[PDB]
Structures are given as C-alpha cells and as structure tokens.
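Coming up is one lone chain in structure tokens, specifically the form deposited in one PDB entry.
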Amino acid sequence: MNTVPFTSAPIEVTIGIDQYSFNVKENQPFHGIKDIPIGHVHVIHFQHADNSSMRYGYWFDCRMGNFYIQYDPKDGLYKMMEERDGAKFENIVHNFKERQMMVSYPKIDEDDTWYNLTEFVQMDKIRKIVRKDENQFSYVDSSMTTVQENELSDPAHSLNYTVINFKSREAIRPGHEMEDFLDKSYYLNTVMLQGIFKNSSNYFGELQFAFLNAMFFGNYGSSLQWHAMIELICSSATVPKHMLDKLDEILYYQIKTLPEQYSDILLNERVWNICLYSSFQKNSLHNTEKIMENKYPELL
C-alpha cells in the first residue's frame, strides 16, 4: 500500500482518486491519500470550488516513484511532483499518518471496479499518448485537444491518440472500397491490431484510457476516440473470439461506472444503437446490451 501526501490544501477543491472523491475546504487540514492499491495505474484529479472550469488531474503508478501534491499559487493548481530523496518522503508520510491527516483509498474488498476499468492500461502507454518525459506521471485536463483534432493548436498539450478515420486511405484498400467500408475487418485486424497496436491488449488499453479521460475530465475528444474504437470493432465482421468476449466485459464496467446524470454528453446515440442493434457484433455484447437497456433506455 502506497501514499501520495499533500503539502497543504490552500483552496477549496473537490479531490478525486480513481472513482472516489471528497470535498476539502479552504485550508482544511488535509495531507494526502493513503493505502493506494499497488499494481494498477491511478488518477488523482481536481475541480476547484470556485471555478468548475477545468477539471484536471494526474495519471501515475506508485511503483515508478514517490509522488506528492503541492498547491502552486502562481499557476493556481494542485501540481504533482516527484520526491527523489527517499527518506525525506517516508518521514513526511509517517508523520502525516501518525497525526491521521490522510484519507484512506476506500476500496471495498468485493470490488474489482478499478481493475476492470484499468485492466489493459499501462503507464508506459499513457506516457506515449501524453508526452512530457521529464515527469513519470501524466497531466490531463478538460480542454486538451487530440493530435487528430489539431489536424482539422499547441502540440505540447496534445493527447496523441491513435488517428482513426472511416473515410481515409488508411482504412480503405484501393479496389476494395465497398468491401472495406461496410466491413472494417481489414482496418481493425491488419492495419490497427497487427500493424499499429501489435496485440489487442494495447488496443484495449488505449480504449480504456480514452474512456477514463472522458468520464473524469469530460474531455470531448477522449469521448470521440473511445466511441470510434468501439465502432471499429462492432463494425468488423471478423473479430478474434477473445476480443469479442473481453470487449463485452470492458464496456459493461464503463457503462456501470458512468454517473447517471452525465449520460447526455458522454454517450453518442448513433454509435451505441449501431453497435448494439445493427452491427455485425449486435449479438456479441450481451452484458453491455443488458446494462444499457435497464439503465439508459431513453437513448435507444
């Protein structure tokens, strides 16, 4: 179990860790988060009480270093920093735990929600989508645009997601125009899986990480990418059996975890109706279909 201590909490802010959150008052005595499960990536995120503009946050993996949070009153945000002095950190943490000024990552033991949402997400890949290699952790926020979006402005602040377009030469083989447009199996299996991602696990990892940035930061592009990747699978007639079953699981927990009043903005009607009712794989997403019907039948 690992710890992310906080220097202080000078401004009132709602703080999340993974799917949990709690309200911290201005100058409340709050000095960090303990018992963070090792073995997964995590995200710590922030929404100021005063300007709900800009949700922002940090992806990190405690295995990769000792990290802490400190408010910056010049740039006006809670910043993640790495501590290199090992004993300085343990001593800071132990003093804080002793005075019991830290909240506990509140994982119910029955609960595998986080693992299921982050099954395929690896800090190595996150850092290739969010480029900033002087840090071991990754900053994301509400307003960051993707490399694909910037095409159609500041690259240092881009989400370098996989470019995907259903009406591009990368997607459509010369002389198979109709075949490839109505069955994207070539694009999915040869171009993306074999070519770019190399295996399904990397593909699913990007997919999961896109959903999580959508949900936690309302990053519009992340929602577009998440939706697109799903659509490339559902619109493929030929998908490995093991991907289809895993996809049903992945989506099930994303739909399960979404706030019930955020469905209007983070979910695309066209994609879900197509994926669940009209596509090749309309019958291969039993769990996901079931939970979508009982929980969001308005959309369909």
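Rigid core (definition): largest C-alpha set, two forms, superposition within 1.5 Å. Note that residue numbering follows the sequence shown and begins at 1. Only residues modelled in both forms are compared.
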Checklist entry - What number of deposited residues lacks coordinates in the span between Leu152 and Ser153: none, 1 to 3, 4 to 9, or 10 or more? => result 4 to 9
Checklist entry - Looking only at CA atoms, which has the higher mean B factor in the entry: 210 to 218 or 173 to 181? => result 173 to 181
Checklist outcome for this item: Comparing 103 to 111 with 133 to 141, the higher average Cα temperature factor in the PDB entry belongs to 103 to 111
Checklist entry - Which one of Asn268, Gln47, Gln70, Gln261 shows the biggest C-alpha B-factor in the PDB entry? => result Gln261
Item to check | C-alpha B-factor winner, where the candidates are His242, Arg63, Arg55, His42 | outcome: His242
Checklist entry - C-alpha B factor of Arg127, ranked within the chain: lowest, middle or highest third? => result middle
Checklist entry - Among the chain's modelled residues, which third holds the C-alpha B-factor of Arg84? => result highest
Item to check | Assigned third (lowest, middle, highest) for the C-alpha B factor of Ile291 | outcome: highest
Next on the checklist: Please say which third, lowest, middle or highest, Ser21 falls into when its CA temperature factor is compared across its chain.
Outcome noted: lowest
Checklist entry - Taking the entry's C-alpha B-factors for this chain, is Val191 in the lowest, middle or highest third? => result middle
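Below, we turn to the form solved in complex with a small molecule, even though it does not appear here.
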Item to check | Any non-hydrogen atom of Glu83 within 4.5 angstroms of the small molecule in the entry with it bound | outcome: yes
Next on the checklist: So, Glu110 and the small molecule: in the entry with it bound, are they within 4.5 Å at any heavy atom pair?
Outcome noted: no
Checklist entry - Can any non-hydrogen atom of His31 be found within 4.5 angstroms of the small molecule in the entry with it bound? => result yes
Checklist entry - Might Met102 be said to contact the small molecule in the entry with it bound, defining contact as any heavy atom within 4.5 Å? => result yes
Checklist entry - Which residue ranges, three or more long, have every Cα moving by 2 Å or more between the shown form and the other one relative to the rigid core? => result 96 to 99
